[PDB]
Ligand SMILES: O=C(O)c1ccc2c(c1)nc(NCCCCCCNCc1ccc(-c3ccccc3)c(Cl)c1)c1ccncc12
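Only one chain is given next, in structure tokens, and it is the form solved without the named molecule.
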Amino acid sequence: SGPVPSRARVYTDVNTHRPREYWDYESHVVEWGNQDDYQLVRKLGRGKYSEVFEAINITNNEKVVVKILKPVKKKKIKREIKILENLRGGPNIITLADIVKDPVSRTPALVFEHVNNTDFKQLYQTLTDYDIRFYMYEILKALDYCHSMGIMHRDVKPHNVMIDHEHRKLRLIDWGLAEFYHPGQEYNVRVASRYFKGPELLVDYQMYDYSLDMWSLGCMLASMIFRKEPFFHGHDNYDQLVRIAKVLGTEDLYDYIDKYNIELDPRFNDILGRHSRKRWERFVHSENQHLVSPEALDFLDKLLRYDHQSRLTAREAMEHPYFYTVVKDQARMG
């Protein structure tokens, strides 16, 4: 009485049927560019796995962004690089322009195209109903492409969706937690950022798939249409599932746990309690009602499901009526 196994319902065997070299990043041999082409201009931030800078290519004066890796095991570096190479040129996928050896850290530095981003903490306060539909559609093009290429992003959240708003230009970044999907594999559940973790991670169901990214996307859409970012604000990973349970209800939570024969950490016992499913209307108020439509709530509802097999795929989500106007506007004669 371990858990019931699961498979992705789409793109299930896309890596099965690729050459080993496509997904076997451990064997990948990096092609190094020249660090002396780039001069760091300004530090943009810092993380546990890297420091990130705006920089200039001094051979052509193009702005780029450099992520200097903290030291980390060839394998984790190779995985990010091979995924960025595989996905390069895909719709709304950040372009890896170069890979160099930083002359001070001796660690690898990844050099990306520059996107003139408005930080989401400022930009989300200004988005219109159409802007939310258009950028959700653009995120979905990147997620359908990477999923159809056999890759789960595993860290979908506003900070990883760069938007140059005046150009209606969006890129999905930070592929450092991404991994290739192979049916039957048991994955590490320590992925995504707390507020965007799917119930599968939170109840330690390891045999998950691309549908993880669709839960995280739904958390972004709720935060956008309701003006509450992040939407599910847990204090830790156990409280994160409590916060979801207070909205989706405990009835469907325990139906999912039953379906997959999951054993609940007994630390979840006194904390999940018992909660009705709430209507999405409970979250509508005078300051967000202009971003909410029946189409937005129907779409949201179909992403935010406990059972990962029941969530929309990215391709299915793109066909939802919520995006009809965006689909019309992008049907360009050229």
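Residue indices: 1-based, along the sequence shown.
This protein has a second form, the form deposited with the named molecule bound, left out of what is shown; the following refers to that one.
Highlighted residues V203, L248 and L304: none comes within 4.5 Å of the named molecule in the entry with it bound, counting any heavy atom.
Between the named molecule and the residues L87, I132, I257, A142, the one pair within 4.5 Å by heavy atoms in the entry with it bound involves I132. Although the partner is absent here, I262 lies well away from the named molecule in the entry with it bound, with no heavy atom inside 4.5 Å. Proximity of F120 to the named molecule in the entry with it bound falls within the 4.5 Å heavy atom cutoff. Contact annotation: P158 falls within 4.5 Å of the named molecule in the entry with it bound, judged by heavy atom distances. Proximity of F112 to the named molecule in the entry with it bound: non-hydrogen atoms within 4.5 Å are present.
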